[PDB]
């Protein structure tokens, strides 16, 4: 019957690449949660409240998508949310290794959670939050890579 997917990340901030991933996932699963990590070990530019607020606005037009923060073991959060699917976007070869390791651990922690991988669209294949930030920090144009609400908020953070 139901499929319920979690798409975890720091989303600092959410980019068009993330939006593409979640849009695609929301087309194939009944429900999707954008799970925003509360306390990443590297301090984010936006806090959880801001990240969640931005992502909510950017994803409001998707009816089966909900944005939430989480500060617990993803397996525990997935169990709490009665999620059975874990979405991960796969951009680089470097990321694949780490995500395969994590998937094997999550299989150990939650055997009933299936990890599922999406490639980013060609359009968004080179963008990351980190890269957009670094470009923007030195006044590079990133209007093409962010939704308007995120773009405005980023500009404010850097002024």
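Numbering follows the first chain given and starts at 1. Each form is matched to the other, and the largest set of C-alpha atoms that superpose within 1.5 Å is called the rigid core.
- Larger root-mean-square CA separation from the shown form, computed after a rigid core fit of the structures in 7 other deposited structures of this protein, is seen for 99-107 when 23-31 is set against 99-107.
- Take 87-95 and 114-122, fit the other structures onto the shown form by the rigid core, and average the C-alpha distances in 7 other deposited structures of this protein: the farther stretch is 87-95.
- When the two stretches 130-138 and 113-121 are set side by side, the higher mean Cα temperature factor goes to 130-138.
- Of the two stretches examined, 21-29 and 145-153, the record assigns the greater average C-alpha temperature factor to 145-153.
- Residue set 39, 106, 64, 56: peak C-alpha B-factor at 39 (per PDB entry).
- Taking only the listed residues 102, 94, 48, 68, the entry reports the highest CA temperature factor at 94.
- In the PDB entry, a CA B factor belonging to the highest third of its chain's modelled residues is recorded for residue 75.
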